[PDB]
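Here's the structure, in structure tokens; my notes come after.
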């Protein structure tokens, strides 16, 4: 019952990273599915980890996407 | 090793000092590129027959 408090405090942390401020890149293709290639909108390629617990149903065909700033 | 890395292999780099981490899975032949933007079907002998 104590660890159900700790799953909630860990779930909060990560939703704040999901949300604004974000730069918009594009997803080219996976190289796994926990790691992919995105081109930011600075005209460079980056290899980025993918937040597990996301829908790859529309993701795998190339399509806009959100990325974190410094991270 | 530099035995594994072959020419025109797309690699991973970590922009901290540009140190090679892994070989990258991806890579396309440059001829697969030129043949596809052209696009030309192939066939068999029976569909060109008569």
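The fewest-to-most ranking of B:33, A:71 by surrounding Cβ atoms within 10 Å reads A:71, B:33. Only helices enter the 222 nm calculation for chain B: every DSSP H run of n ≥ 4 contributes -39,500 (n - 2.57), and dividing by all residues gives -5000 deg cm²/dmol, rounded to 500. Quick one: Debye curve from the alpha-carbon atoms of chain B only, equal weights, vacuum; give me log10 I(q)/I(0) at q = 0.20, 0.31 Å⁻¹ to two decimals. Scattering profile of chain B, log10 relative to I(0): -0.82, -1.15. Mean residue ellipticity, 222 nm, helices only, chain A: the sum of -39500 (n - 2.57) across DSSP H runs of n ≥ 4, divided by residue count and rounded to 500, is -8000 deg cm²/dmol.
Neighbour counts of other Cβ atoms within 10 Å put A:35, B:44 in the fewest-to-most order B:44, A:35. What the Cβ-Cβ distance of residue B:5 and residue A:45 gives, at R0 = 25 Å and to the nearest 0.05, is a FRET efficiency of 0.85.
If the viscosity is 1.306 mPa s and the temperature 10 °C, what translational diffusion coefficient in µm²/s does Stokes-Einstein give for the protein assembly as shown when Rh comes from Kirkwood over Cα pairs? The Stokes-Einstein estimate is 86 µm²/s. I'd like the orientation of helix A:2-18 relative to chain A: the angle between its Cα long axis and the longest Cα principal axis, in ° from 0 to 90, rounded to 10. Long axis of A:2-18 versus the principal axis of chain A: about 30 degrees.
If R0 is 30 Å, what FRET efficiency do you get for residue A:3 and residue A:60 from their C-beta distance, rounded to 0.05?
Numbers: r = 34 Å, r/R0 = 1.14.
Efficiency, rounded to the nearest 0.05: 0.30.
Taking the centroid of alpha carbons for each part, the range A:30-71 and the range A:9-27 are 13 Å apart. Between residue B:37 and residue B:15, the modelled labels are 2.6 nm apart [label points 7 Å from Cα along Cα→Cβ]. The alpha carbons of chain A occupy a box of 47, 24, 17 Å along the principal axes, longest dimension given first.
Taken together, the values in this text are just the output of simple stated rules run on the coordinates, not laboratory data. Here Cβ is always computed from backbone atoms with ideal geometry, including for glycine, and neighbour counts include all displayed protein chains.
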